[PDB]
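Undergrad: I have a structure I would like to understand better, so I am pasting it below and will then ask my questions one at a time.
Cβ placement follows ideal geometry from the backbone for every residue including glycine, while neighbour counts extend to all protein chains displayed. Read-outs throughout are calculated quantities, based only on the coordinates presented, and are distinct from any laboratory measurement.
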Ligand SMILES: [Ca+2]
Ligand SMILES: [Ca+2]
Ligand SMILES: [Ca+2]
Ligand SMILES: [Ca+2]
Ligand SMILES: [Mn+2]
Ligand SMILES: [Mn+2]
Ligand SMILES: [Mn+2]
Ligand SMILES: [Mn+2]
């Protein structure tokens, strides 16, 4: 199976798989059962922003999410990612719906990774920033129901012609280039990601969420990963 | 055939195809016969640096090359690249040798492209920086004789075990991700590239040169493009 | 007197000093009488974005301005800025009103300057980005009526408690650090600036405009530079 | 007195003030008596590179130092800098010698600070990079014996005409612009710094070291802070 590290914006509480009884943000290391969560006061229909940061010296994966006019939510987990992920990875965004649903619209996505070696300073870096997504966004690998270009946005899950979100949907977008997160000569490795999202639902119970993830380069959507599995995991182990 | 825009660091004067009678830097638009050249005082065995810049407002492709302790050489050509290249391209480095030879070693390579739309500011960007190249540089598409990892460098053309450059060699490295240089909503598009190189030869007449190029995404080395054709063009038209 | 290079967003046509008979964007080199202008379809009450770019190889100062859902306006002028400005400068934003008035609100401002020498690659750079302005923005030198912190914005000219713009006002904001735009070893120098603005007026004839400018480090608002002089020039010569 | 946070590259072991019995890297919070140290295999006459990183979510100040062909040394300390430093600070480099001496040459210095608010994404940033220092580096506040321009470098402490380091010297360089490290709306604040240095001595016992520091904006060299006090502290408390 794939190897997944993710920060989840989980909109629907699945208490039998360890979710708290409210929408939450979480850090997922090879399991949908988060290693750490924090309460997230998700706002239906408002544009929010999530930030994810990590470096190989501190070995702490941290995330912060907020909305304008509102307090933030944050979560952190101590994990050496070089012991979890391979040296080369792909990065992406994933989202899903099940019998409960919501739009999983991405309005912007940015990412910066750095590998500093011991050669004279010696910086190696990758950076990308999307503030619009066109109909043929060639530097994105779209998987499942993910589409780009509708209103210049990235719609991770299926949305009908009228704008209504559909249930039983799963979609992901991965940056085309592989990303180097470890090197034998690296003295410090770091990454930061930011994305802005619009989660909207006609219902009082939206589902299922959006995640920023890092995976083996050949990662694909696991069979049956709609709903609670967020398009990331093949089961709830 | 491929569509090529390139800045050439041409070390060997081929006067019958329009080269001046000395090493030179040139701007190549769909032909090895440069649209513009400038004299280049190439130094055998020294590390040099080339810079390339362009934006869609000014529509002028410019380049500067220098060595420490030395004056620079520069060349510019007015060209609307949106009338030459497709909307999506790949960027790369190419080099060749023929009966005359030289090492075509790249020590660093950086690139930044930006597409600013008319939406609130609205920046879209790609940036990469290589200051080392490992044995398995997965974000580089290596073509021909190009290799990475020998002394942490990118060797565009073949070098023997002892370090001697080989003749009749051609190699290229392209960044893995496609690059977006035009968009219908873009109000300004720009790119800048920098690379550091070491051209060394045991001979008084090194050949053939190194080029930074932009091409259709599916670009490949043209058959018979060793020597004077710089791994970029199928003929000298 | 000060030495000023500016890109003006001129909202009021002063035909006796060479302005065209409509709102326009212009490039100003040591005079309020622009060396080059282009028609600007200014929209009262909408947030717009201006971009300014320049490099020492091409020696062309260019600007583009737009609004969402609208076409852009652009202007360019060939000028070697090293022949106009001193080696060290300050950069800023200026605005004014006269008997006619408007708000001159800045919502964001970013700037990047680079000096690349001939030493191994050798990059020198300054970058700043403001997306909010607090009450005590210590890295900004505020001049005249300029204030920060009202709604997290930079108000270049005076606005009343109720939000109405006031006439006969002039204000500027300069970044605190001096900026290096030339060096004897520089092989390429470049700068880019972006700002987002909101110009609103209760009147059918707003005045007078906003400009991005570059000046001697000790630049101050010239006496009597309200209205048509944009807080930049001491007279209309 | 000033408020100082610093990462010290301490070349001389002063055991009575808590230094370990070997050259070391340390994190200093309001005292020359480091809160945390690690052994540093300092190499006389070789160019080395230090990296410093911090963010307000993790609240961990970390540093790594290395030389080409050598292993790194690293140190980390959990500290909420918003509880130590004021909201606005200046950043700089400091160095000293006493009866024992060394050159404290800086070859490059870069710094990036970011304040991300909860407004739509909302990035605020400062970045500077020096790869050369000229004779009149106006964006640097030089203090004490610090000079720029000799071989394009920043010499923190006094060096004679012949190149010999002098004892009883203290010098600092601070970036001219104040830096904003906290804001009421900031959801994440971060900074990273890098500098390359050349510490050389004719003696088997070099002294005293170089530090990257953050201080109140009006920070000045404390009286009698030569030698073991690194130009940062007024005493050894
Ligand atoms: Ca759930
Ligand atoms: Ca040739
Ligand atoms: Ca006017
Ligand atoms: Ca000591
Ligand atoms: Mn969950
Ligand atoms: Mn040629
Ligand atoms: Mn005008
Ligand atoms: Mn110590």
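Undergrad: Roughly what would the spin-label model give for residue B:135 and residue C:151, points 7 Å off Cα along C-beta, in nm?
TA: Each label point lies 7 Å from its Cα, and together they span 6.1 nm.
Undergrad: Order these peptides, D:112-122, B:5-15, B:92-102, by their mean beta-carbon neighbour count within 10 angstrom, highest first.
TA: Numbers: D:112-122: 20.5, B:5-15: 22.3, B:92-102: 25.5.
My ranking of the peptides, most packed first, is B:92-102, B:5-15, D:112-122.
Undergrad: How far is residue B:237 from itself in the other copies, in nm, if each label sits 7 Å out from Cα along the Cα-Cβ line, shortest first?
TA: 6.0, 6.0, 8.3
Undergrad: Okay, moving on. For the pair residue D:204/residue C:236, report the inter-label distance in nm, with labels modelled 7 Å from Cα in the Cβ direction.
TA: My value for the distance between the label points is 8.1 nm.
Undergrad: Over what distance in Å are the Cα centres of the stretch D:36-70 and the stretch A:178-237 separated?
TA: That distance is 32 Å.
Undergrad: Follow-up question, since we're still on this one. Work out the FRET efficiency for residue C:99 and residue D:120 from their Cβ-Cβ distance, taking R0 = 45 Å, and round it to the nearest 0.05.
TA: Numbers: r = 36 Å, r/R0 = 0.81.
Plugging the Cβ-Cβ distance into 1/(1 + (r/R0)^6) gives 0.80.
Undergrad: Also, I was wondering about something else. Give the chain B residue with the shortest beta-carbon distance to the rotation axis relating chain B to chain D, plus that distance as a whole number of Å.
TA: B:120, 4
Undergrad: For residue A:88, which inter-copy label distances result when the label point lies 7 Å beyond Cα on the Cα-to-Cβ vector, reported in nm to one decimal and in ascending order?
TA: Residue A:88 label point versus its equivalents elsewhere: 2.0, 4.8, 4.9 nm.
Undergrad: Given contacts defined as C-alpha pairs under 8 Å and at least six residues apart, what's the relative contact order of chain D, whole-number percent? Please list the in-between numbers first.
TA: Working: 681 pairs, mean separation 70.1, N = 237.
Once normalised by length, the contact order is 30 percent.
Undergrad: Moving to a separate point now. Given 5 Å bins starting at zero, what is the percent of C-alpha pairs of chain B in each, up to the one with the largest pair distance?
TA: Bins of 5 Å from zero give 1, 7, 15, 20, 21, 17, 11, 5, 2, 1, 0, 0 percent of pairs.
Undergrad: Write down Rg/Rh for the protein assembly as shown, rounded to two decimals, with Rg from the C-alpha atoms and Rh from the Kirkwood relation over Cα pairs. Please report the intermediate quantities before stating the final value.
TA: Numbers: Rg = 28.3 Å, Rh = 29.4 Å.
Taking Rh as the inverse mean 1/r over Cα pairs, Rg/Rh reads 0.96.
Undergrad: Sticking with the crude label model, points 7 Å out along Cα→Cβ, report the distance from residue A:164 to residue C:70 in nm, one decimal please.
TA: That separation, rounded to one decimal, is 3.8 nm.
Undergrad: Follow-up question, since we're still on this one. Let me know the mean shielding of A:179-189 by other chains, meaning the per-residue number of their Cβ atoms within 10 Å of its Cβ.
TA: 4
Undergrad: A further question follows. Over the whole of C:57-64, what's the average partner chain Cβ count within 10 Å per residue? Rounded to a whole number, please. If you can, show how the numbers build up before the last one.
TA: Numbers: counts 10, 9, 1, 4, 1, 4, 2, 7.
Going residue by residue through C:57-64 and averaging, the value is 5.
Undergrad: What span do the alpha-carbon atoms of the stretch C:111-237 cover on each of the three principal axes, reported in whole Å from largest to smallest?
TA: For the stretch C:111-237, the Cα extents along the three principal axes come out at 56, 37, 25 Å.
Undergrad: On to the next question. What are the distances, in nm and sorted shortest first, from the label point of residue A:21 to the label points of the same position in each other copy, with each label point placed 7 Å from Cα along the Cα-to-Cβ direction?
TA: In ascending order, 6.1, 7.4, 9.1 nm.
Undergrad: Let me test this: with uniform point scatterers at the alpha carbons of the stretch D:2-120, what is the Debye-based log₁₀ I(q)/I(0) at q = 0.13, 0.17 1/Å?
TA: -0.57, -0.95
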